[PDB]
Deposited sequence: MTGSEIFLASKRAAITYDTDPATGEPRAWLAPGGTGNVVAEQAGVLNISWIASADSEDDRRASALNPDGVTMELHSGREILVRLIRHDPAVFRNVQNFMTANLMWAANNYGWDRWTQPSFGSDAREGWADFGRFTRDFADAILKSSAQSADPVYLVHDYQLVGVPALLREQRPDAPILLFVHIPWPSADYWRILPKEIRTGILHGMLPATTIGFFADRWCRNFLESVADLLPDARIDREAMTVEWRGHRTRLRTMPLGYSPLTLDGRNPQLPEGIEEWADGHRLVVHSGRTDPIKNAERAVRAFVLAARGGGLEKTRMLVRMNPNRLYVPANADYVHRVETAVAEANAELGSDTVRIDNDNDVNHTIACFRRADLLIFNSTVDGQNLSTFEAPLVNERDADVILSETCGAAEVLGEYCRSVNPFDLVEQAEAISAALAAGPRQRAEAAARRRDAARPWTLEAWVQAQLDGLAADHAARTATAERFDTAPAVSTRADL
């Protein structure tokens, strides 16, 4: 049971021993790779990923075949890093952002005015083709010696990988995990033909394609029927038959890593002290929907009873170079700016720093939590925030978040495009009693706790194992 895990980034920390002065390379826990190395069947694991630092590039060239790295139980994993054509790599990264692929899987486009694919998409795809050849090659190269390689393929960047893997090792078990949603067939279809088909041609040769949510899987299967005449779907069995490949689609939900007291960001406590605090947290991504959250807070305050309540928009900076992240951050400032002009000043604050620790302090402080994403593959903060909060905070969750399948019954679920509803739910949550809240919180945690990172990985290993036996038999 020799395992080869491929990820877009493998999280490595590069630093100097604070005594030695010697440069250190280590892996950060949880981990995925770290965690896989921890399970029952696993004999060995190798992790393969792209280089994005020059720390990466520099440490890569010193060990082309990979560097063996050690964590728990004196275990080890072999970490191989790929140095791509820098021009090629940089282009594919823009291919995966809101400029192209991120809008497609995450419902960015309006159809009426976006998108308008030109030459750039052709060139981006070609490059994605090239970038995929690297990974497949690097992974294969790494597995030449192994007898029975089990391949785990992660991140959306690696979609075209399994085909090129099944090309060379046809009996091998291949799982592709996609952490992001899958668009409806009409939406998936917006993509240029060579792109809407090519992604599906790359994905299907896998033993399993794992998603976070049932809705993602179904959407995927609908696309296949829509776009591949040769493919047969079973909506019940979650299978696809195409070109002699049998593919199973599983939903393997994720919640949190428990292997993860922090201070609030500057002045936030004094700012918050004496007020109930509404918190919204996310990356600087358009999907996270903080603008509507801010407006909805405003429609609520107008309702009354939102005296002495404050709202914190916790944001995490990410990929600000993409216009959509930029616009979205700007679009939120305007909202916040207006909410303060209408309802009082310093009623709302934004924090845009990149501390993980600062967010967890925010989760703990919060009296109401909002995770009303327009869409979310899963959203793991929505599991995380309830589990660390001792204020018995209610959660407003979007129904378009994958976590909703797991946590929607036990949270306040709203259509993420309705301000009237979202507002109503804000005041509803803050009208609600301590004891009503105290019991709904305990139950919310009971539903959230089981989905640890570890279990998610066992699902993958157990799930691929079973599906492998099936493909092998069929």
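No C-alpha positions are given for the deposited-sequence stretches 1 to 3, 264 to 267, 482 to 497.
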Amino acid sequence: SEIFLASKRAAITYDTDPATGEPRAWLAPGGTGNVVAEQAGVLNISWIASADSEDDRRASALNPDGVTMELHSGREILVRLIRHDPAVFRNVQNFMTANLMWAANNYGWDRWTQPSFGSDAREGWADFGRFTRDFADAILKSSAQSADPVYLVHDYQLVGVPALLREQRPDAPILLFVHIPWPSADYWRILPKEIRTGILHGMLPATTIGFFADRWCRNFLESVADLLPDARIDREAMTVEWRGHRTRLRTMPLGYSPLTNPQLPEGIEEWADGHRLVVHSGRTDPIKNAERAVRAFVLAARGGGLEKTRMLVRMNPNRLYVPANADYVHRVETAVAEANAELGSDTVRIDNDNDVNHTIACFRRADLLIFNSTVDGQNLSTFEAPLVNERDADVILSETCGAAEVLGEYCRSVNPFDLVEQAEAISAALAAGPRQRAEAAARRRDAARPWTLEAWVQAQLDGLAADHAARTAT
From here on, numbers count along this sequence of modelled residues.
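Note that the rigid core is defined as the largest set of C-alphas that superpose within 1.5 Å between two forms.
Larger average C-alpha displacement in 6 other deposited structures of this protein, relative to the shown form after a rigid core fit, is seen for 75 to 83 when comparing 75 to 83 with 273 to 281. Here 96 to 104 and 158 to 166 are scored by the root mean square distance of their C-alpha atoms in 6 other deposited structures of this protein, with each structure fitted by the rigid core; the higher score goes to 96 to 104.
Compared against other deposited entries of this protein, residue 261 counts as often unmodelled, lacking coordinates in at least a third of those that resolve the residues around it.
Coordinates for residue 19 are absent from at least a third of the other compared entries of this protein that model residues on both sides of it. Stretches 201 to 209 and 389 to 397 differ in mean CA B factor, with 389 to 397 having the higher one. A summary of the deposited B-factors shows that, of 225 to 233 and 186 to 194, the stretch with the larger mean C-alpha value is 225 to 233. Taking only the listed residues 69, 407, 414, 429, the entry reports the highest CA temperature factor at 69. Out of 376, 155, 333, 266, the entry records its largest CA B-factor for 266. For residue 148, the recorded CA B-factor ranks within the highest third of the chain. Only modelled residues enter the ranking. Sort the chain's modelled residues by C-alpha temperature factor and residue 288 lands in the lowest third, per the entry. Ranked by C-alpha B-factor against the other modelled residues of its chain, residue 214 falls in the lowest third. For residue 316, the recorded CA temperature factor ranks within the middle third of the chain's modelled residues.
Among the modelled residues of its chain, residue 280 has a C-alpha B-factor that falls in the lowest third, as given in the PDB entry.
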